[PDB]
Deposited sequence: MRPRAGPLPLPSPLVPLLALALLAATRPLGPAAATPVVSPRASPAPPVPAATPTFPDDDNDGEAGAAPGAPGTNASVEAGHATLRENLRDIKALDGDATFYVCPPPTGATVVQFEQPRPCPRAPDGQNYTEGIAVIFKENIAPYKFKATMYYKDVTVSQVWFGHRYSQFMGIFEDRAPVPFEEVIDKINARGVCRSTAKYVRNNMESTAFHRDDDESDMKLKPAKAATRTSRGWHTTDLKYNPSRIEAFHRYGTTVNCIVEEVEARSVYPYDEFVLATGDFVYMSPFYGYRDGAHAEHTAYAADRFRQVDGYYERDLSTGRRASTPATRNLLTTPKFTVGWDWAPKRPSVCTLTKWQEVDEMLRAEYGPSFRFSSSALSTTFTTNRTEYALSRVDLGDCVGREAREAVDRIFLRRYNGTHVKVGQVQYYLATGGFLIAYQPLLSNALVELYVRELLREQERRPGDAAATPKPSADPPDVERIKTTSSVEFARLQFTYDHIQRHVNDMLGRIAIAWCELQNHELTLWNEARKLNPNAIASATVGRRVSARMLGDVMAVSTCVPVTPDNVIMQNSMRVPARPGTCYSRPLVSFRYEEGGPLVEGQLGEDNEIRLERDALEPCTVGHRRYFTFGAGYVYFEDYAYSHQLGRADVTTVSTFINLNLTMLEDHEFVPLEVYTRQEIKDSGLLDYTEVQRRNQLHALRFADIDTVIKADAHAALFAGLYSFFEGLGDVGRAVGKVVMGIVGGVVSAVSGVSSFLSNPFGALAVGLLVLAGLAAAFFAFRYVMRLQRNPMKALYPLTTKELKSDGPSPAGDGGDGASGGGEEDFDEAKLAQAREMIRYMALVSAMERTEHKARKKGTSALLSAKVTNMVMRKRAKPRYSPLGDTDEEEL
């Protein structure tokens, strides 16, 4: 409780205030995003073969018994698909072919050669168009106590769907038959650089080829280039098409009208608000000379950029430069067209991840971070401005009760006096509850509670495996155990 004189104290003077941060410069643009192509190349082929079946029948006294049924597929030759099947819708009743290094000849019904009409097969639900010649199997007539042979030749034409995967050196048919030739092989137009596993006399091309439909009989109007390959089981025909305009190893995934591009040091950051994704690329562009069989990219990007620009950015924006290409992390190729508003005109294979969730977690983290740092940056500016503004009131309250102001500022109960700054040295009944009024402004902030995220899947890996009807591993394990369950593979005689 003393006077004052020696020790003197001054108030801190207004502090420099944090400045509103610079802000991010986004380039607006149009983007199309490409992913790895997983779907095979699909094309239409026609199979041309003959079911040849010979039966051996023993004739008892009251019964007859098959002693053997030999079944074989025989290819129709090139001259018969051109001069009989396509010309007249007909097929010769004789199969002449090479099976086991021998020319075998089979006559239908063991009768002389006849041209037999191809007629539509019986209707099945999810099948394609097929045509055949005979409905019945020929068996020999009964004469007693003999073995007799009987031959059936059924000429079958069916239109099948064909599938090929990268590097497009083979293709499959819907029957399950591998063809070890590229779909794009040929003798014309530089197509001989492709892969074939067959001898050259098995493959022919026909220009000016006119399909005659086996049902309607109408010859086609536009000619085609017809490939024809004679495999040892069948002849397949398909229309030739060049490889590069018909194959792309990269598939269009998303078209986005509003793609913002930002600078992230050594990298670009490409964000979408519609997809709620953001991708990270390098600043240097990806060259389209690096993508193997990638001719679809620049064509499908340019077709989608100008369609979006004429529906969204026609009179409000202008393009800047040509389309730019960037390889994002996770295996996404982003084609990007930069834009600018009308008020401001002064080889390898890309492998794409199955999960895009890193880009959606990157969007949602950045969209919260930018809001929280903006709002808390304003509270930091407004707090420094308010504390520098209350010094005016502290300089006037100091001259009224110096004892109370120096005790609130120094830290301990201090008696005070001034000369230009504070000189300061250290220092009934009852009625505890009088009516009270608050000079305080309340502020009730609560905490964000702890949340727990459980594992959640819509379909598990076990549910996706048994979604199909037939498991090939499970059917081959059951069928190869047939001898071990019903026979004796050990005992002789």
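Taking the first deposited residue as 1, the stretches without any C-alpha atom are 1-103, 450-478, 560-644, 711-892.
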